[PDB]
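**Student:** Sharing data-v1.txt below, compact mmCIF, C-alpha atoms and all ligand atoms:
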# COMPACT_ATOMS: atom_id res chain seq x y z
CA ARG A 307 28.35 36.12 2.74
CA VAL A 308 26.73 36.86 6.12
CA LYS A 309 25.82 33.27 6.98
CA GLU A 310 29.02 31.76 5.52
CA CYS A 311 31.11 32.53 8.60
CA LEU A 312 29.27 30.58 11.31
CA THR A 313 29.28 27.16 12.90
CA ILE A 314 25.93 26.27 14.42
CA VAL A 315 25.23 23.70 17.15
CA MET A 316 21.44 23.22 17.14
CA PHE A 317 19.74 20.51 19.21
CA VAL A 318 15.93 20.37 19.15
CA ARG A 319 13.94 18.19 21.54
CA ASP A 320 10.30 17.03 21.70
CA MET A 321 9.01 17.81 18.21
CA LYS A 322 5.96 16.38 16.45
CA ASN A 323 4.89 15.48 12.88
CA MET A 324 8.40 15.01 11.51
CA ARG A 325 8.78 14.26 7.79
CA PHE A 326 11.97 13.12 6.06
CA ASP A 327 12.10 12.46 2.34
CA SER A 328 14.27 9.32 2.33
CA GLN A 329 15.15 6.13 4.15
CA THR A 330 18.54 7.86 4.49
CA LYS A 331 16.53 10.34 6.67
CA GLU A 332 19.25 12.97 6.28
CA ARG A 333 17.00 16.00 5.70
CA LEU A 334 13.59 17.18 6.90
CA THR A 335 10.74 17.75 4.43
CA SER A 336 8.22 18.74 7.12
CA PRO A 337 6.06 21.82 6.41
CA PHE A 338 7.33 25.06 7.90
CA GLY A 339 4.05 25.85 9.66
CA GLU A 340 4.32 22.91 12.08
CA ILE A 341 8.00 23.64 12.78
CA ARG A 342 7.29 27.36 13.26
CA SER A 343 4.38 26.60 15.60
CA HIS A 344 6.50 24.16 17.63
CA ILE A 345 9.64 26.34 17.84
CA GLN A 346 9.43 29.13 20.42
CA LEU A 347 13.14 29.96 20.24
CA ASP A 348 13.91 33.68 20.38
CA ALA A 349 16.12 34.06 17.31
CA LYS A 350 16.39 37.83 17.82
CA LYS A 351 18.25 37.06 21.07
CA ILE A 352 20.77 35.14 18.96
CA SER A 353 20.94 38.04 16.49
CA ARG A 354 21.69 40.63 19.19
CA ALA A 355 24.04 38.20 20.95
CA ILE A 356 26.18 37.66 17.84
CA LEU A 357 25.85 41.26 16.61
CA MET B 1 -4.72 14.44 26.83
CA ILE B 2 -3.06 13.60 23.50
CA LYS B 3 -4.70 10.96 21.30
CA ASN B 4 -2.67 7.91 20.24
CA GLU B 5 -4.54 5.94 17.56
CA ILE B 6 -2.63 3.86 15.01
CA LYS B 7 -4.00 4.41 11.50
CA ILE B 8 -3.04 2.53 8.32
CA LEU B 9 -3.76 4.25 5.01
CA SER B 10 -4.08 3.13 1.41
CA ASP B 11 -1.66 4.55 -1.15
CA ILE B 12 -4.06 7.07 -2.74
CA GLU B 13 -4.89 8.53 0.68
CA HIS B 14 -1.21 8.21 1.68
CA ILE B 15 -0.24 10.41 -1.27
CA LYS B 16 -3.21 12.78 -0.81
CA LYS B 17 -2.60 13.23 2.94
CA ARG B 18 1.24 13.31 2.93
CA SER B 19 1.79 15.38 -0.24
CA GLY B 20 5.16 16.81 0.86
CA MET B 21 6.72 13.33 0.80
CA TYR B 22 6.16 12.74 -2.92
CA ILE B 23 5.79 16.02 -4.89
CA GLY B 24 8.31 17.98 -2.81
CA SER B 25 7.51 21.52 -1.71
CA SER B 26 3.76 22.11 -2.03
CA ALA B 27 3.64 25.81 -1.14
CA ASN B 28 3.93 29.07 -3.06
CA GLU B 29 7.61 29.95 -2.59
CA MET B 30 10.35 32.12 -4.06
CA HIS B 31 13.60 30.95 -5.64
CA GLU B 32 16.59 32.47 -7.42
CA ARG B 33 16.76 30.38 -10.60
CA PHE B 34 18.04 30.36 -14.17
CA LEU B 35 15.46 31.48 -16.74
CA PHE B 36 16.45 32.04 -20.42
CA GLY B 37 19.97 33.17 -19.48
CA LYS B 38 19.19 35.23 -16.36
CA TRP B 39 19.51 34.23 -12.69
CA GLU B 40 16.39 35.92 -11.36
CA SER B 41 14.18 35.84 -8.27
CA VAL B 42 10.73 34.43 -9.10
CA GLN B 43 7.80 32.99 -7.15
CA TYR B 44 5.73 29.91 -8.03
CA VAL B 45 4.36 26.54 -6.89
CA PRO B 46 6.78 23.62 -7.49
CA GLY B 47 4.25 20.77 -7.53
CA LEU B 48 2.68 21.52 -10.93
CA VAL B 49 6.14 21.86 -12.51
CA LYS B 50 7.20 18.60 -10.83
CA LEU B 51 4.16 16.70 -12.18
CA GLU C 103 1.23 -17.05 10.36
CA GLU C 104 1.53 -16.26 14.08
CA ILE C 105 4.95 -14.68 14.67
CA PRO C 106 5.87 -13.27 18.12
CA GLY C 107 6.91 -9.73 18.91
CA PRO C 108 10.71 -9.25 18.93
CA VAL C 109 11.36 -11.74 16.12
CA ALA C 110 8.84 -9.94 13.88
CA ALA C 111 10.44 -6.66 14.92
CA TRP C 112 13.96 -7.93 14.13
CA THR C 113 13.60 -10.22 11.09
CA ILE C 114 10.50 -9.24 9.08
CA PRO C 115 10.40 -5.66 7.71
CA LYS C 116 7.40 -3.25 7.89
CA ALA C 117 6.88 -3.99 11.58
CA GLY C 118 6.89 -1.53 14.46
CA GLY C 119 4.86 0.50 16.90
CA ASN C 120 5.79 3.74 15.13
CA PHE C 121 2.98 3.59 12.54
CA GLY C 122 0.64 5.69 14.69
CA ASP C 123 -0.78 9.18 14.33
CA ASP C 124 1.60 11.96 13.30
CA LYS C 125 -0.03 14.47 15.69
CA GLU C 126 1.05 12.53 18.81
CA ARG C 127 4.27 10.68 17.96
CA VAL C 128 7.55 12.13 19.24
CA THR C 129 9.75 9.31 17.90
CA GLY C 130 11.63 9.65 14.62
CA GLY C 131 10.69 6.25 13.23
CA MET C 132 8.47 5.80 10.16
CA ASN C 133 9.54 2.63 8.37
CA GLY C 134 9.20 -0.64 10.27
CA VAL C 135 12.14 -2.07 8.29
CA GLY C 136 15.13 -1.16 10.43
CA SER C 137 16.09 -4.10 12.62
CA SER C 138 15.46 -6.36 9.62
CA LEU C 139 17.98 -4.15 7.78
CA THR C 140 20.37 -4.65 10.70
CA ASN C 141 19.80 -8.42 10.86
CA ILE C 142 20.01 -9.12 7.10
CA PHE C 143 23.58 -7.78 6.80
CA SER C 144 24.84 -9.77 9.82
CA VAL C 145 26.37 -13.23 9.70
CA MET C 146 25.93 -13.84 13.45
CA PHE C 147 23.18 -12.26 15.55
CA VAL C 148 21.74 -12.86 19.00
CA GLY C 149 19.11 -10.62 20.53
CA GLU C 150 17.42 -10.78 23.93
CA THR C 151 14.32 -8.86 25.02
CA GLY C 152 13.02 -9.30 28.55
CA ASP C 153 9.57 -7.89 29.17
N1 LIG A 401 15.54 -3.25 19.33
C1 LIG A 401 14.37 -2.66 19.16
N2 LIG A 401 13.87 -1.88 20.16
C2 LIG A 401 12.69 -1.28 19.98
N3 LIG A 401 11.88 -1.32 18.93
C3 LIG A 401 12.39 -2.09 17.96
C4 LIG A 401 13.59 -2.77 18.00
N4 LIG A 401 13.79 -3.46 16.81
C5 LIG A 401 12.73 -3.20 16.09
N5 LIG A 401 11.85 -2.36 16.73
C6 LIG A 401 10.56 -1.88 16.22
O1 LIG A 401 10.54 -2.11 14.83
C7 LIG A 401 10.86 -0.89 14.11
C8 LIG A 401 12.23 -1.03 13.48
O2 LIG A 401 12.14 -0.71 12.07
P1 LIG A 401 12.42 0.80 11.62
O3 LIG A 401 12.61 0.87 10.14
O4 LIG A 401 13.46 1.40 12.51
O5 LIG A 401 11.01 1.47 11.94
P2 LIG A 401 10.68 2.99 12.29
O6 LIG A 401 11.30 3.19 13.64
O7 LIG A 401 9.18 3.06 12.17
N6 LIG A 401 11.44 3.77 11.07
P3 LIG A 401 12.95 4.41 11.04
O8 LIG A 401 13.56 4.49 12.42
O9 LIG A 401 12.90 5.80 10.47
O10 LIG A 401 13.87 3.59 10.17
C9 LIG A 401 10.69 0.26 15.11
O11 LIG A 401 9.69 1.16 14.66
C10 LIG A 401 10.27 -0.40 16.43
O12 LIG A 401 8.90 -0.19 16.73
Give the structure from this file in structure tokens form.
**Tutor:**
Amino acid sequence: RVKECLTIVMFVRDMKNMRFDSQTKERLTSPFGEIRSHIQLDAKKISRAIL
Amino acid sequence: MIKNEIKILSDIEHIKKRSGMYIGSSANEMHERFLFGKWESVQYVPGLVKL
Amino acid sequence: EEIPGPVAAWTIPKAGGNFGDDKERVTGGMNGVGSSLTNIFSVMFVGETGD
């Protein structure tokens, strides 16, 4: 109910070790450790900026 | 400097090195799922259940 | 058989320079089959690559 009232425009550039589960390539099955190590986005800034 | 070497793997090592492509999520995670009538929050490893 | 570069990239699948190491590659390609998939479902095709 919190996250149901948002539209999100997320563009990520220059990532490594991407893994998608299909030739359709529509969704990422990469492990969360590599994505969390690559992403240095301050999500708490987004939380205080939409709070 | 980053290292660019093209490697070609056999299918046993392709499965054993890229395990998220073929058995799904390979980490101990939590899900809200149906069990015996109850939608409950429980924690497990999905790969053994998938196999 | 000795097949040159762009024609093997565009007609025969499992061909590409995206089969390298996952720790260095920033491109999203992992198949080698894509321009063959484009060319197979086309009744006319011309393609020029100048190097
Ligand atoms: N027009 C082109 N320009 C550049 N590279 C090309 C072109 N056509 C074919 N290729 C090469 O051949 C491959 C095309 O097949 P494709 O299935 O797209 O491979 P991929 O890029 O490894 N995988 P994916 O993009 O996820 O489908 C690419 O990886 C390129 O290296």
**Student:** Can you pull out every residue with an atom within 8 Å of ligand LIG 401 (chain A)? Use all atoms listed in the file and format it as a ChimeraX atom specification.
**Tutor:** /A:329,331 /C:108,111-112,115-121,129-139
**Student:** What would the file look like if the residues just selected were written as a PDB file, in the frame of the given file with C-alpha atoms?
**Tutor:**
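What ended up in again_28.pdb:
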ATOM      1  CA  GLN A 329      15.150   6.130   4.150  1.00  0.00           C
ATOM      2  CA  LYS A 331      16.530  10.340   6.670  1.00  0.00           C
TER       3      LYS A 331
ATOM      4  CA  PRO C 108      10.710  -9.250  18.930  1.00  0.00           C
ATOM      5  CA  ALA C 111      10.440  -6.660  14.920  1.00  0.00           C
ATOM      6  CA  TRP C 112      13.960  -7.930  14.130  1.00  0.00           C
ATOM      7  CA  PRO C 115      10.400  -5.660   7.710  1.00  0.00           C
ATOM      8  CA  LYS C 116       7.400  -3.250   7.890  1.00  0.00           C
ATOM      9  CA  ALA C 117       6.880  -3.990  11.580  1.00  0.00           C
ATOM     10  CA  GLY C 118       6.890  -1.530  14.460  1.00  0.00           C
ATOM     11  CA  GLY C 119       4.860   0.500  16.900  1.00  0.00           C
ATOM     12  CA  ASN C 120       5.790   3.740  15.130  1.00  0.00           C
ATOM     13  CA  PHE C 121       2.980   3.590  12.540  1.00  0.00           C
ATOM     14  CA  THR C 129       9.750   9.310  17.900  1.00  0.00           C
ATOM     15  CA  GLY C 130      11.630   9.650  14.620  1.00  0.00           C
ATOM     16  CA  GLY C 131      10.690   6.250  13.230  1.00  0.00           C
ATOM     17  CA  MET C 132       8.470   5.800  10.160  1.00  0.00           C
ATOM     18  CA  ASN C 133       9.540   2.630   8.370  1.00  0.00           C
ATOM     19  CA  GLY C 134       9.200  -0.640  10.270  1.00  0.00           C
ATOM     20  CA  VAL C 135      12.140  -2.070   8.290  1.00  0.00           C
ATOM     21  CA  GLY C 136      15.130  -1.160  10.430  1.00  0.00           C
ATOM     22  CA  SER C 137      16.090  -4.100  12.620  1.00  0.00           C
ATOM     23  CA  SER C 138      15.460  -6.360   9.620  1.00  0.00           C
ATOM     24  CA  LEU C 139      17.980  -4.150   7.780  1.00  0.00           C
TER      25      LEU C 139
END
**Student:** Between CA of residue 106 (chain C) and CA of residue 6 (chain B), what distance in Å does the model show, to one decimal?
**Tutor:**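 Result for CA of residue 106 (chain C) versus CA of residue 6 (chain B): 19.4 Å, one decimal.
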**Student:** Per residue of chain B within 12 Å of chain A, record the nearest atom pair and its distance in Å to one decimal, counting only C-alpha atoms, with rows in chain order and ascending residue number, as CSV.
**Tutor:**
residue,atom,partner,partner_atom,distance
B:2,CA,A:322,CA,11.8
B:18,CA,A:325,CA,9.0
B:19,CA,A:337,CA,10.2
B:20,CA,A:335,CA,6.7
B:21,CA,A:327,CA,5.7
B:22,CA,A:327,CA,7.9
B:23,CA,A:327,CA,10.2
B:24,CA,A:335,CA,7.6
B:25,CA,A:335,CA,7.9
B:26,CA,A:337,CA,8.8
B:27,CA,A:337,CA,8.9
B:29,CA,A:338,CA,11.6
**Student:** Starting from chain A, keep only residues with some atom at most 9 Å from an atom of chain C, counting only C-alpha atoms, and report them as a ChimeraX atom specification.
**Tutor:** /A:320-325,329
**Student:** Could you work out how far CA of residue 34 (chain B) lies from CA of residue 313 (chain A), giving the answer in Å with one decimal?
**Tutor:**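 Answer for the CA of residue 313 (chain A) to CA of residue 34 (chain B) separation: 29.5 Å.
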**Student:** Give me the residues of chain B that have any atom at most 9 Å from an atom of chain C; for each, the nearest atom pair and the distance in Å, rounded to one decimal. Use all atoms listed in the file, sort by chain and number, and format it as JSON lines.
**Tutor:**
{"residue": "B:2", "atom": "CA", "partner": "C:126", "partner_atom": "CA", "distance": 6.3}
{"residue": "B:3", "atom": "CA", "partner": "C:126", "partner_atom": "CA", "distance": 6.5}
{"residue": "B:4", "atom": "CA", "partner": "C:126", "partner_atom": "CA", "distance": 6.1}
{"residue": "B:5", "atom": "CA", "partner": "C:123", "partner_atom": "CA", "distance": 5.9}
{"residue": "B:6", "atom": "CA", "partner": "C:122", "partner_atom": "CA", "distance": 3.8}
{"residue": "B:7", "atom": "CA", "partner": "C:122", "partner_atom": "CA", "distance": 5.8}
{"residue": "B:8", "atom": "CA", "partner": "C:121", "partner_atom": "CA", "distance": 7.4}
**Student:** Write out as a VMD selection string the residues lying within 12 Å of residue 41 (chain B), counting all atoms listed in the file and excluding same-chain residues fewer than 3 positions away.
**Tutor:** chain B and resid 29 to 35 38 44
**Student:** Go ahead and save the residues from that selection, with C-alpha atoms, as an mmCIF file, keeping the file's coordinate frame.
**Tutor:**
data_model
loop_
_atom_site.group_PDB
_atom_site.id
_atom_site.type_symbol
_atom_site.label_atom_id
_atom_site.label_comp_id
_atom_site.auth_asym_id
_atom_site.auth_seq_id
_atom_site.Cartn_x
_atom_site.Cartn_y
_atom_site.Cartn_z
ATOM 1 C CA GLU B 29 7.610 29.950 -2.590
ATOM 2 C CA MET B 30 10.350 32.120 -4.060
ATOM 3 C CA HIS B 31 13.600 30.950 -5.640
ATOM 4 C CA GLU B 32 16.590 32.470 -7.420
ATOM 5 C CA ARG B 33 16.760 30.380 -10.600
ATOM 6 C CA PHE B 34 18.040 30.360 -14.170
ATOM 7 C CA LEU B 35 15.460 31.480 -16.740
ATOM 8 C CA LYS B 38 19.190 35.230 -16.360
ATOM 9 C CA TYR B 44 5.730 29.910 -8.030
#
**Student:** Between CA of residue 47 (chain B) and CA of residue 28 (chain B), measure the distance and give it in Å to one decimal.
**Tutor:**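 Between CA of residue 47 (chain B) and CA of residue 28 (chain B) the gap works out to 9.4 Å.
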**Student:** Could you write out as lines of an AutoDock Vina configuration file the box around region 112-129 of chain C (axis-aligned, all atoms listed in the file, 5 Å on each side), with centre and edge lengths in Å to one decimal?
**Tutor:**
center_x = 6.6
center_y = 2.1
center_z = 13.5
size_x = 24.7
size_y = 34.7
size_z = 21.5
